[PDB]
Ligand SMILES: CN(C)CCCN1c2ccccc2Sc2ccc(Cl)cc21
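Single chain ahead, written as structure tokens, the form deposited without this ligand.
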């Protein structure tokens, strides 16, 4: 019984990028502890938004919202440090989910 998810789907599966955070430790931290974070993101149909940005943001928000709900309360806890890395990983994954969904929904589909 989610409260905040108007039928947001979950993507099929992806891989774990490296995220070049720019701190020497945000990298070393991340590469060690990456096994915690989802290898997936939640989204709505790209076709519903007119623009990538608003949509991919909504994908950051919703993915993390689904975790701070489902994954959390009585499971995991994303500390404030994780929270910042989640936003990094998930945005940089929502742009990938989109490089399928958008272009797949454009190449022989939309026309702008």
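Positions refer to the first chain, counted from 1.
A second form of this protein, the form solved in complex with this ligand, is not displayed here; the remarks below concern that form.
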item	value
Open or blocked: this ligand superposed from its pose in the bound PDB entry, cut-off 2.4 Å to backbone or C-beta	blocked
Contact test in the bound PDB entry: residue 66 vs this ligand, heavy atoms, 4.5 Å	yes
This ligand contact in the bound PDB entry: residue 62, any heavy atom under 4.5 Å	yes
Partner-proximal stretch of 20-28, 84-92, 5-13, 98-106 relative to this ligand in the bound PDB entry, 4.5 angstroms, heavy atom	5-13
